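Following: one structure in structure tokens, then a few remarks.
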Amino acid sequence: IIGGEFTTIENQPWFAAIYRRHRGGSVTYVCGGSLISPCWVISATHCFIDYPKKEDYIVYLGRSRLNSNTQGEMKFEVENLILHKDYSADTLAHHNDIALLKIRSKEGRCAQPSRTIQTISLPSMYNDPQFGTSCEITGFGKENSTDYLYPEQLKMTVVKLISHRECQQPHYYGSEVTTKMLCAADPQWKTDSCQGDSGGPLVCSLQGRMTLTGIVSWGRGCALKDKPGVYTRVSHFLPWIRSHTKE
Ligand SMILES: NCCOc1c(Cl)cc(C(=O)O)cc1Cl
């Protein structure tokens, strides 16, 4: 996250921190994710497509710091790693950039809700806030494009939804942005998602209720004028979500 503020998991209790274990034993941060039910975290396919082996992953919930422990945090393995069959990446755009991680403790259980661990609601079918709506993003992503390390503390910021018409101007992203994606940005171009924020939530208060409207997906640079953050439009993937979380 460029700009915004440091935050704690109690403010974003659906946030999931997703790591990968390497041969040798080192663990690196991969991407964010969001708990949508006790057994399920939703994230982005581009995060996993080069290393699709579920055994390589570690998922934390209730965690506020990148490489240290938080009281009440819970650690999970990935029981099933579901990537979208139709995922693709062009020069800039990722398409169908959505993944599901079925999580379980070492004891075989799903998450236990607490004050620092909670599910976030899915939107209803094609139900998105109007452009101009303020929504929040959360992640451990870069604070500046020049950074090579991620922040140690979780961050959040607020961005506004940008119309498709605005986002599809040739000097924005033209027709690379599709109907299955949402753009969001800062009107003054000072705050944004950045590398490392992928997979994490874009949350909007929708009909008075906190809703997973988007998933951090792609963009050109970070907090660059005329280049909004691009998000998987969750409400266009409900059948996919439902079918893979059924069985
Ligand atoms: N400012 C939105 C674009 O931020 C990024 C970047 Cl710089 C890289 C990646 C990546 O996949 O490396 C993803 C996002 Cl959302």
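We number chain A the way Swiss-Prot does; in order, the residues shown are 179-425.
Looking at the header, which is where the method is noted, we find X-ray crystallography, 1.8 Å.
Cβ atoms here come from the backbone N, Cα and C positions, even for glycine.
Marked as disulfide bond by Swiss-Prot: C209-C225 (among others). Just so you know, the Cβ of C225 (disulfide bond) picks up 25 other Cβ atoms within 10 Å once every protein chain is counted.
Positions annotated as disulfide bond by Swiss-Prot: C217-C288 (among others). Using a 10 Å Cβ-Cβ cutoff, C288 (disulfide bond) registers 17 neighbours. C288 (disulfide bond) falls outside any helix or strand according to DSSP and counts as coil.
Annotation note: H224 (active site, charge relay system) sits in a helical segment as assigned by DSSP. Per Swiss-Prot, active site, charge relay system is recorded for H224 (among others).
Within 10 Å of the C-beta atom of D275 (active site, charge relay system) sit 29 other C-beta atoms, taking all shown protein chains into account. Taken from Swiss-Prot, the feature active site, charge relay system applies to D275 (among others).
DSSP assigns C382 (disulfide bond) to a strand. Look at Swiss-Prot and you will find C313-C382 (among others) tagged as disulfide bond.
Summarising the annotation, Swiss-Prot assigns N-linked glycosylation site to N322. Counting every protein chain shown, 12 other Cβ atoms lie within 10 Å of the Cβ of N322 (N-linked glycosylation site).
The phosphoserine annotation in Swiss-Prot covers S323. Its own atom aside, the Cβ of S323 (phosphoserine) has 13 Cβ atoms within 10 angstroms in the protein chains shown.
Per Swiss-Prot, disulfide bond is recorded for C345-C361 (among others). For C345 (disulfide bond), applying a Cβ distance below 8 Å and a minimum sequence separation of six or more within one chain yields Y351, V355, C361, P406, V408.
The disulfide bond feature in Swiss-Prot is assigned to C372-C400 (among others). Listed in sequence order, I180, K320, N322, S323, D370, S371, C372, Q373 are the same-chain residues at least 6 apart in sequence whose CB falls under 8 Å from the CB of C400 (disulfide bond).
Non-local neighbourhood of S376 (active site, charge relay system): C209, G210, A222, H224, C225, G319, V394, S395, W396, each in the same chain, at least six residues away, with C-beta under 8 Å from its C-beta. Under the heading active site, charge relay system, Swiss-Prot lists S376 (among others).
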Nearest of the recorded positions (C217, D275, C288) to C382 (disulfide bond), judged by Cα-Cα distance: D275
Recorded positions whose CB lies under 6 angstroms from ligand 1, from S323, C361, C372, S376, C400: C372, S376, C400
Three-state secondary structure, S376 (active site, charge relay system) (per DSSP): coil
